[PDB]
Amino acid sequence: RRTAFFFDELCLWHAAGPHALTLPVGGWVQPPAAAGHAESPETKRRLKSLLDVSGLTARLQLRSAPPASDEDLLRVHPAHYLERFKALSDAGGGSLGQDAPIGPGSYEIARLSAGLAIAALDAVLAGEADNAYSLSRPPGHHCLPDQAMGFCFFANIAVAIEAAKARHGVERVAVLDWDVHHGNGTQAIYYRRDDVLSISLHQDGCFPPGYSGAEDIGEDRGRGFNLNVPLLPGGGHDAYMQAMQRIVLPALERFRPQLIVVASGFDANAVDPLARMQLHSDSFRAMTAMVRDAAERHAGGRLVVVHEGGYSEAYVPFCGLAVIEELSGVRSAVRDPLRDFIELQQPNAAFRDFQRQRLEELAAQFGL
Amino acid sequence: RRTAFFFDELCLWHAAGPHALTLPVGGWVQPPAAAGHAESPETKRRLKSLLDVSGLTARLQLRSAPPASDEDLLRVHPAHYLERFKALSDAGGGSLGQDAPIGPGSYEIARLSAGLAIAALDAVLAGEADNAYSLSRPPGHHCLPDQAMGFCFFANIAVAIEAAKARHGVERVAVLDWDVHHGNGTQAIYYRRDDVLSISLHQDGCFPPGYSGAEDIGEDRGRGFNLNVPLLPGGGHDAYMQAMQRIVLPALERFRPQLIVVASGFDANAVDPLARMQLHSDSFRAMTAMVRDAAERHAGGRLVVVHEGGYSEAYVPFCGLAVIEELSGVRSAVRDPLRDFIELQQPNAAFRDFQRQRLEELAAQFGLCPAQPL
Ligand SMILES: Cc1nn(C)c(C)c1/N=N/c1ccc(/C=C/C(=O)NO)cc1
Ligand SMILES: Cc1nn(C)c(C)c1/N=N/c1ccc(/C=C/C(=O)NO)cc1
Ligand SMILES: [K+]
Ligand SMILES: [K+]
Ligand SMILES: [K+]
Ligand SMILES: [K+]
Ligand SMILES: [Zn+2]
Ligand SMILES: [Zn+2]
């Protein structure tokens, strides 16, 4: 298997103002002695370092890309959003919204991030690679057409999908979003459309806060082409496998995608500060293995994984590495040091069964 | 209310080797650019800074203490453990166990940490304060008599309780441990004893990993004087209030404690990396309010809160501040910035009810009886 890895060093240079985790500094929030921000370069930098140090980078097609053109960005975002964002980035940073701070030059870096997503889809559709991974920072899955939220400033996946349809004429795209937070940007953008199947597994009510969304199945022609799977907080491996087996794979089986795109956040991992789920690196591996199987069935193997959230400096590198091993079919020597520990922490049988019953009920609600 | 605050700057100087969160550096674990360890000074340092900046410190009795004497330590720990620990600390640090790394001079700092717990109980029992908070670092609730684990090197609360019994002759002590991890050290130490009631609320199977412990109710005379409440991961405010109302308060009501000690970790907070629970600062306030009510009933108000875990730099300071406001009865101007956000993230009704049913079933297993306070 040829796996392309889309990365650029400059994506790691996007830096907002001082924060303690998600909280802006000022008032009662003391400035951190070190930390700085949750959506930090270091999560992505350490993944990259680990891929290098593992040898895995050497077995991938390392690519950069040109930034997203205005034509590409305007397919999703109004011109007035582009100018407003540019103006603030040029002026020296600030706030595009709450949960959406930017630094100087963040406009160019976000364009680059979107560029990498564009190029990844392009490369898989052109036959240059069997599949691809885009280390896009800043992330995109929360971004609305004219509102930045959740540290997302362009809808990277939506921009990449539109450019793919415009260039190659793909008719059925499926987006599986396994970041722990609800992918509201992707849902909004394609809510009335039947050509993009949008699936989001998320922690019930995490972010956006209090949002579950199981009833929200799409409008108009999109009715039945959006699926929200709000998992109960504290769920881990089994919860996700059940969701995949009972909702995700049946949904894909009916929709017959010609391309599969994954919005892959790793903030469902068991040590993430920004969610309450219990995934380990082999959960993401198993999910990647299942989604590759479906791409081989309907899409001729065509699969793209785009990096989204993940806030554990320590553990995200291992979770992302497991995905890329599964994509490439290359197993490195790296061994997850938390795997065995996290296994022991999983929900008990009764809690698993409670979550399982809910997923069976949701499956029936969706007609699967 | 007079509230004593036991703190010493030196407790913040205990530092183990390089770690990424809980993982030792080396092998496939890259050295952090900044962080260092999870059990880090900054969580405790920021709490202290906030108390200062809020004005709250000025309304408390700020105290240090002498380190724990050998006599005090030997009541819980064998001499062989003391020498072995001292030897390694003198030698320049290393590992006392896995999940128990130490730096140079950690022996003296752990003694100090235990000293502060000793002094807090002493001060409340002598009538110097109505209640007290001990900012003990390193923590103690995992420490076994001859094994350090979970970043704990002396059983601070056990040492403080034994010194209290030896000095003052208290007969019934209750320890309520609301750190998110199972307080195995406290359980082990007092497992065959009926003079110390040990209660632990924890996330089911979190740490120690895979341990639930509901069946473990004490041995011999201790049978019925140890209670484990393994809460389902993802639980928050309501889960804890139910546990308090259905298990903790009825248990205390029957046991009639003459002193209440809280092993207060804040790692059950909703942004903690080391657990999966959803508590906010007003959950800890409400728990502190409930446990003060029980101390006023049976113990003449005598309550001590000892600081344990908590790994969110950003959020722990607010959670601890809420406890100390409740202890002192002094409300500062500080407002929790995550409170409203965390409320929206709480478990849905069906999940709450599922957890509630399990606590009712656990209550019946303990034979606990839901009477109201009297
Ligand atoms: C700013 C701010 N201020 N406050 C008061 C709160 C509560 C704030 N942030 N909340 C957030 C914002 C974003 C996330 C996760 C994003 C992600 O995972 N993308 O995949 C989590 C919490
Ligand atoms: C995992 C893992 N894997 N390895 C290899 C190591 C050395 C690991 N440490 N795990 C731990 C150990 C202790 C805690 C205690 C938390 C606390 O709040 N005490 O109250 C949490 C995680
Ligand atoms: K999601
Ligand atoms: K759709
Ligand atoms: K506990
Ligand atoms: K006991
Ligand atoms: Zn996310
Ligand atoms: Zn703890």
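Definitions and limits used
Residues numbered from 1 in each chain as written, not as in the entry; some residues may be left out. Chains lettered and ligands numbered in written order. Heavy atoms only, no water. Helix = DSSP H or I, 4+ residues; strand = E, 2+ residues; numbered from the N terminus. Rg over C-alpha atoms; globule rule 2.2 N^0.38 Å. Buried < 20%, exposed > 50% of the residue type's maximum accessible area, 1.4 Å probe, protein only. Contact = heavy atoms within 4.5 Å. Areas by Shrake-Rupley, 256 points an atom, 1.4 Å probe, with all protein chains shown as cover. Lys, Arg positive; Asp, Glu negative; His and termini not counted. Charge placed at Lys NZ, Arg CZ, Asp CG, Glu CD. 1 Å grid on protein atoms, 1.4 Å probe; cavity = no way out; pocket = protein on both sides within 12 Å on 5 of 7 lines; lining within 4 Å. Points joined across faces, edges and corners; volume = space filled by probe spheres on them. Donors = N, O, S within 2.8 Å, 3.2 Å for Na, K, Ca; no water. Tetrahedral: all angles 85-135°; square planar, octahedral: opposite > 155°, others 65-115°. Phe/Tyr/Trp six-rings, centres within 6.5 Å; stacked < 30°, edge-to-face > 60°.

Its PDB header attributes the entry to X-ray crystallography and lists the resolution as 2.40 Å.

### Things to note about the overall build of chain B
Counting its regular elements, chain B contains 11 helices and 12 strands. Computed over its C-alpha atoms, the radius of gyration of chain B comes to 19 Å, within 12% of the 21 Å expected for a compact globule of 374 residues. The principal-axis extent of the C-alpha atoms belonging to chain B is close to 55 × 45 × 45 Å. A buried classification covers 63% of the 374 residues belonging to chain B. In chain B, the proportion of contacts linking residues at least 24 apart, taken out of those at least 6 apart, comes to 77%. Taken as a whole, chain B presents about 12900 Å² of accessible surface, with 50% of it coming from carbon and sulfur. Once the 34 positive and 44 negative side-chain charges of chain B are each reduced to a mean point, those two points are 4 Å apart.

### So, the layout of surface pockets
By volume, the largest pocket amounts to about 880 Å³. If you trace the largest pocket, you find 36 residues lining it, with A:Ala35, A:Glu313, B:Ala35, B:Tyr311 and B:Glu313 closest to the centre. Of all the secondary structure elements, the ones that give two or more residues to the lining of the largest pocket are helix 1 (41-54) of chain A together with helix 1 (41-54) of chain B. The biggest single contributor to the lining of the largest pocket is helix 1 of chain A, with 3 residues.

### Quick word on the coordination of the potassium ion (ligand 3)
All names here are of chain A. Here the potassium ion (ligand 3) is held by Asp177 (O), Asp177 (OD), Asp179 (O), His181 (O), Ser200 (OG) and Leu201 (O), and the distances to it run 2.5 to 3.0 Å. One can describe the donor arrangement at the potassium ion (ligand 3) as irregular, given that its 6 donor atoms subtend angles of 65 to 165 degrees at the metal. The motif formed by the donor residues of the potassium ion (ligand 3), counted along the single chain, is D-x1-D-x1-H-x18-S-L. Across the pair, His181 and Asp177 agree in class, each one buried.

### A short note on the packing of aromatic side chains
Scanning all chains against the criterion turns up 24 aromatic pairs over all chains. For the ring pair A:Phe351 and B:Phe351, a centre distance of 5.2 Å and an interplane angle of 20 degrees mean the geometry is stacked. With one member in each of two chains, A:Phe351 in helix 11 (residues 349-366) and B:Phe351 in helix 11 (residues 349-366) form a pair that bridges those chains. The pair A:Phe351 / B:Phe351 is uniform in exposure class, with both members buried. Considering the side-chain rings of B:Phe85 and B:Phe153, the 5.9 Å spacing of their centres and the 35 degrees angle between planes classify their relative orientation as tilted. Placement of the pair is B:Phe85 in helix 3 (residues 79-91) and B:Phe153 in the loop between strand 7 (131-134) and helix 5 (156-168), with a sequence separation of 68 residues. As far as burial versus exposure is concerned, B:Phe85 and B:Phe153 are alike and both buried.

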